[PDB]
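# Reading the structure
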Number of protein chains: 2
Amino acid sequence: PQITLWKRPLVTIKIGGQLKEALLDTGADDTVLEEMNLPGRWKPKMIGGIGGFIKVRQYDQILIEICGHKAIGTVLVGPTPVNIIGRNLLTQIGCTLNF
Amino acid sequence: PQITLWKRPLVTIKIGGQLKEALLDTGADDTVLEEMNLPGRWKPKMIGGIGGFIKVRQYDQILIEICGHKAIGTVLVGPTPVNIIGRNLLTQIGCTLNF
Ligand SMILES: CCOP(=O)(COc1ccc(C[C@H](NC(=O)O[C@H]2CO[C@H]3OCC[C@H]32)[C@H](O)CN(CC(CC)CC)S(=O)(=O)c2ccc([C@H](C)O)cc2)cc1)OCC
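This report concerns the structure included in the present document.

Cut-off values and rules
Residues numbered from 1 in each chain as written, not as in the entry; some residues may be left out. Chains lettered and ligands numbered in written order. Heavy atoms only, no water. Residues with missing side-chain atoms left out of burial classes, pairs and counts. Salt bridge = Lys/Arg side-chain N within 4 Å of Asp/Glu carboxyl O. Helix = DSSP H or I, 4+ residues; strand = E, 2+ residues; numbered from the N terminus. Buried < 20%, exposed > 50% of the residue type's maximum accessible area, 1.4 Å probe, protein only.

### With respect to the pattern of salt bridges
Evaluated as defined, the whole model comprises eight salt bridges over all chains. A:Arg57 is paired through a salt bridge with A:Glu35; the nearest N and O atoms lie 3.1 Å apart. Here A:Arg57, found in strand β6 (residues 52-66), pairs with A:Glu35, found in the loop between β4 (32-33) and β5 (43-49); they are 22 residues apart in sequence, far enough to count as distant. We classify A:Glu35 as exposed; its relative accessible area is 55%. Among the ionic pairs, B:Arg87 bridges to B:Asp29, the shortest N-O distance being 2.8 Å. Placement of B:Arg87 in helix α1 (residues 87-90) and of B:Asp29 in the loop between β3 (18-24) and β4 (31-33) is noted, with a sequence separation of 58 residues between them.

Written as structure tokens, this is what we have:
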């Protein structure tokens, strides 16, 4: 679709078989989700944002469906204030900015 | 233009008479710029993201030109690690997400 920006670009995603709401975030290199139970092995990772760095769990090659588009890639889990879909997955679903 | 997301969506802006590089950021409600001494009155604010909060100065009705498209709105100034163009200005230049 075409998504305007008068409101937050919130979408439904499906991950680990459950539905969640997430923000499409072009300013994010990486996809970061709030604390959740995900199957599979993970490694500790650190990621930095506007306020400094946080500890996350890095899950590789995870299946995620974003508004009905399939992606497979890295998902970070940790104390983000909001679930964010970053560029690593936006590129897989063919997202561009246009103006 | 059309901006793909393989790399950070960095563009040149003009603000307070100066040229800067900034990120087109659909995950940001508001625009946040690197420390700059802008004329005019401001109000203090705290803004939060990954890692916590930072203290900024809120300036109203600031003109910014983004790739030659003019926008007017609120800008937050402070020690952000990157210049962020948020939705308050992206909507003015007609920016959409498309996939
Ligand atoms: C030189 C680089 O330095 P660092 O690595 C960090 O640099 C940065 C720092 C921030 C960004 C942009 C931000 N992306 C981000 O956090 O992305 C994460 C994931 O992927 C990583 O890629 C880039 C960073 C990592 C978000 O797009 C926008 N944010 C919203 C929230 C949603 C609420 C995100 C959770 S917000 O900026 O917090 C914010 C908060 C309030 C407001 C006003 C109030 O509306 C405006 C903006 C990009 C690069 O320094 C580490 C110390």
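After presenting the structure, the write-up continues.
### Focus: unusual backbone geometry
Here the phi dihedral of A:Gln61 falls at roughly 50°; this positive angle occurs in a residue that is not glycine. In this fold, A:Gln61 is placed in strand β6. On the accessibility criterion, A:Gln61 (70% relative accessible area) is exposed. Even without being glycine, B:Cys67 reaches a positive phi, approximately 45°. On the basis of relative accessibility, which here comes to 37%, the residue B:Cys67 falls in the partly exposed class.

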